[PDB]
């Protein structure tokens, strides 16, 4: 099954990437998220709306479009993630990206400074953009 995926993108990244749309499409199919990402992204945008943002209705549509651009990966075993979480001092959510990223031999793209540090191979969104700009 087409496994042209190279990066696992979390919500903090997904959010930043949504801004540089043009820059990364075409390069998608190389980008992936977890099922959890969708909800995290959704909740973030909901918070925006809560604190006032006449958008939301329109912003939600945009997110929906960006989201569909990504490939969604199989959920990790609650089993294994729990371990990473416990061992690396991460939350279950973060330990989820850290676990998939590694077990899948993928580069985790994240904005969270602690995840970048506790995940082998992680890079941030600015790095992803320069990488993609190259090829």
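Positions refer to the first chain, counted from 1.
Item checked: Mean C-alpha temperature factor, higher of 9 to 17 and 109 to 117 -> Stretch with the greater average CA B-factor: 9 to 17.
Checklist line | Between the two ranges 19 to 27 and 122 to 130, the one averaging a larger CA B factor in the entry | finding: Mean B over CA atoms: larger for 19 to 27.
Check: In this PDB entry, which of 102, 55, 79, 75 has the top CA B-factor?
Finding: Of the options given, 55 has the highest CA B-factor in the PDB entry.
Checklist line | Ranked against its chain, the third holding the CA B-factor of residue 93 | finding: Lowest third of the chain for residue 93's C-alpha B-factor.
Notebook entry, point to check: Considering only modelled residues of the same chain, in which third does the CA B-factor of residue 64 rank: lowest, middle or highest?
Noted result: For residue 64, whose C-alpha B-factor we compare with every modelled residue in the chain, the answer is the middle third.
Notebook entry, point to check: When the modelled residues of the chain are sorted by Cα temperature factor, does residue 50 land in the lowest, middle or highest third?
Noted result: Bottom third by C-alpha B-factor.
Notebook entry, point to check: Lowest, middle or highest third: where is residue 71 by Cα B-factor in its chain?
Noted result: Its C-alpha B-factor belongs to the highest third of this chain's values.
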